[PDB]
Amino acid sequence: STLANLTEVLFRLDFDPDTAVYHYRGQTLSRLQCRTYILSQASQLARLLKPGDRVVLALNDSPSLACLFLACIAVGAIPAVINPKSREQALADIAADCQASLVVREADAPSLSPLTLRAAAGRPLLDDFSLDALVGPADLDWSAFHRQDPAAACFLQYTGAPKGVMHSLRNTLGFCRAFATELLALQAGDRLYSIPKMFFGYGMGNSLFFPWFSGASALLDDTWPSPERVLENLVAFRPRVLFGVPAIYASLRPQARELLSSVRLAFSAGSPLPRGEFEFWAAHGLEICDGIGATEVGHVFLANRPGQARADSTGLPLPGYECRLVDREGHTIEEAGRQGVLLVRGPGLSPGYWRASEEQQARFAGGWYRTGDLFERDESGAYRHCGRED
């Protein structure tokens, strides 16, 4: 194929560079402001990292995290975003698993025993992460994108021993198109608010990629989402699309009036949406679309479609995806009402784990991802979660 760079591709999308992309602490950054900052930061990272070097970002959601992530990709580095409050041994184990060359952490955090840089105290709108003092200020017109095969590993997503899922340019644009375009039909200018953070694959797509992919903007909050905080954000930001999980919508019941004010598309992932929650908000005039995603598949690959959602259901495979149920002998289940393990194949499929044993990599056997989830399929074709396999 043609060598390409995921960041460069996103920067090339023909969206108004003067429109917002990220929101943070009441402020706003446009596509142009972030593009310029990313290129500048890339000139600094290229002095520190070579193509292929791994980077672990133990940071909460912020524009500097999204920009640093994309700056790593710009130079050919392979970044991963993990829980900033990860325990020392957990962060060390992840950095060891991907043999990271660089770890970026919050302020005052201890050192790992790879190179450790810390973010600045005060939560600035754009942080240099001490790169100015380390490698000097940035170059003014940087554009030395490292272009590689679209199927090559571009970044990692970590989910017992941690497993790092490889994601490439191809299957990244794949799961963005399938979900952000074909399922949600996100429009330029849409205000997005994802409560799950960017160290969760769910949140990375919601907050990091979709604003660039679809021309929308996302609210980034580096504090933990207490229902009180979630409320302040809703009131101040008034998002049109809300990415939550079942428990989040349960916690939002007493604030239904405030949520209905702006939210028009409410999505739920992570675990099955109970009928009670779907029906509580349906009577308030809000449809919650339940969809399943998996780190190994990029994002949601099977979901209820807006305007056609049903209670106690995960919907249908997204366009381009194929879903199959297998019995205890690995044989395809052709019938309805028979629960089996769900296999999935499609645009978002990851090319595999970064480091793993043959038994772990076997989850990708045959060109499918074995979710380990028990699913059944009714006559209409809709899937319903039934639990996990033993």
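Numbers for residues come from their place in the sequence shown, where the first is 1.
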Worksheet item: In a third or more of the other entries compared, is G160 missing its coordinates?
Response: yes
Worksheet item: Looking at the other compared entries that model both neighbours, is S101 missing coordinates in at least a third of them?
Response: no
Fill in: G160 preceded by how many uncoordinated deposited residues after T159
4 to 9
Response to the item:
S113 to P114: deposited residues not modelled, binned count -> 4 to 9
Discussion item. Per the record, averaged over C-alpha atoms, which has the higher B-factor: 299 to 307 or 279 to 287?
Written reply: 279 to 287
Discussion item. Test of understanding: from the entry's C-alpha B-factors, which stretch has the higher mean, 74 to 82 or 185 to 193?
Written reply: 185 to 193
Fill in: Identity of residue with top Cα B-factor, from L349, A356, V56, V326
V326
Item to complete: Report the option among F175, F237, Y202, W212 whose CA atom has the maximum B-factor in the deposited record.
Response: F237
Worksheet item: How does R105 rank on Cα B-factor within its chain, lowest, middle or highest third?
Response: middle
Worksheet item: In terms of the chain's CA B-factor thirds, is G270 lowest, middle or highest?
Response: lowest
Worksheet entry | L208 - Cα temperature factor, lowest/middle/highest third of chain | lowest
Discussion item. Split into thirds by Cα B-factor across the chain's modelled residues, where does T314 land: lowest, middle or highest?
Written reply: middle
Response to the item:
Assert third(CA B-factor, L48) within chain per record equals highest
